[PDB]
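The chain below stands alone and is given in structure tokens; this is the form deposited in one PDB entry.
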């Protein structure tokens, strides 16, 4: 079946512009990232400070920001959780949703930063909102029924052994909340003609979930045939950026190959699961294999690979620009 929205290839001018990273761009991203490179344990002061920083950053950009807060039972007793949902144009029927988790694992061995997991994704979402703000604010005026939404999930990590009941606290909560919140196309602005809207979850046109990003040479695959048309845009954008010589490589005459033009047989549990189960199309931007530092105390700032992060930022900026026709 065809994707419900016609995907217009990015004009060369826009590809080149989105594929630019200046010294001011690097500095802004790095300043943003520094705010996340702290332990973010559920219920802790630093976790609250990170949430407040996300919320303030997006409110300052004139986004609608909801703090979806609740208490949930865990193997460590009752815990507070707060998802952050930022929506550029609340009234727009359809949302391109970009997401990640902002909590960090309570690690048995000691202080755990979770730099890839998911401090970098968090910073990338805020960087997108900041770097594209002018274009996003212009797009919001169009009345085209499409907008950008950023979701920062709380409580992705298990407190003890990962299980259906101990993991994905924020995403399970939000998916259920939105699924049970009934609405219809008539209540919303400019829904696509053949849309079936019965609840808030139906407004998530596609959820692009970023996780475990920041290590060198990640390998992505299309995890869902349903979103192959969207995934293939990431493949294409990466190819075009390489052809134009806009990717950072350590030697001349190399290419990045992050987005494999294949699917893989791999089952990964993550914040998309509660949405997938409710028919939200998913693009899961998570590497396979996971970074070598995964869930070790070495998942820290110095083990990040900055040229890779820069390259990913170019792909993501170009992707959002293409999808929203910025």
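Between two forms, the rigid core is defined as the largest C-alpha subset superposing within 1.5 Å. Numbering follows the first chain given and starts at 1.
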ask   = Looking at C-alpha RMS in 9 other deposited structures of this protein with the core superposed, is it 52-60 or 264-272 that drifts more?
value = 264-272
query = Mean C-alpha B factor from the entry: is it higher for 41-49 or for 281-289?
reply = 41-49
remark   = Higher of the two mean Cα B-factors (22-30, 265-273; per PDB record) comes from 22-30
key: Candidate residues 233, 95, 177, 135, the one whose C-alpha B factor the record puts highest   = 177
key: Peak C-alpha temperature factor (PDB record), options 188, 128, 88, 215   = 188
Ranked C-alpha temperature factor of residue 159 among modelled chain residues, by third = middle
request  = Classify residue 117 as lowest, middle or highest third according to the C-alpha B-factor given in the PDB entry, relative to its own chain.
outcome  = lowest
ask   = Among the modelled residues of its chain, does the C-alpha B-factor of residue 198 lie in the lowest, middle or highest third?
value = highest
query = Would the CA B-factor of residue 109 place it in the lowest, middle or highest third of its chain?
reply = highest
task = Determine, from the deposited record, the chain-internal third of the Cα B-factor for residue 294: lowest, middle or highest.
result = lowest
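The following text describes the form deposited with a small molecule bound, which does not appear among the structures shown.
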key: Contact residue in the bound PDB entry, chosen from 207, 122, 148, 212 - any heavy atom within 4.5 Å of the small molecule   = 212
query = Can you pick the one in 260, 57, 35, 288 that has a heavy atom within 4.5 Å of the small molecule in the bound PDB entry?
reply = 288
message = Using a 4.5 Å heavy atom cut-off, which of 245-253, 226-234, 155-163, 126-134 contacts the small molecule in the bound PDB entry?
response = 155-163
ask   = Hey, in the bound PDB entry, is residue 70 touching the small molecule, heavy atoms inside 4.5 Å?
value = no
message = in the bound PDB entry, is there a heavy atom of the small molecule that lies within 4.5 Å of any heavy atom of residue 61, even though the partner is absent here?
response = no
query = Can you check whether residue 278 is within 4.5 Å of the small molecule in the bound PDB entry, heavy atom basis?
reply = no
query = Could you tell me if residue 48 has a non-hydrogen atom within 4.5 Å of the small molecule in the bound PDB entry?
reply = no
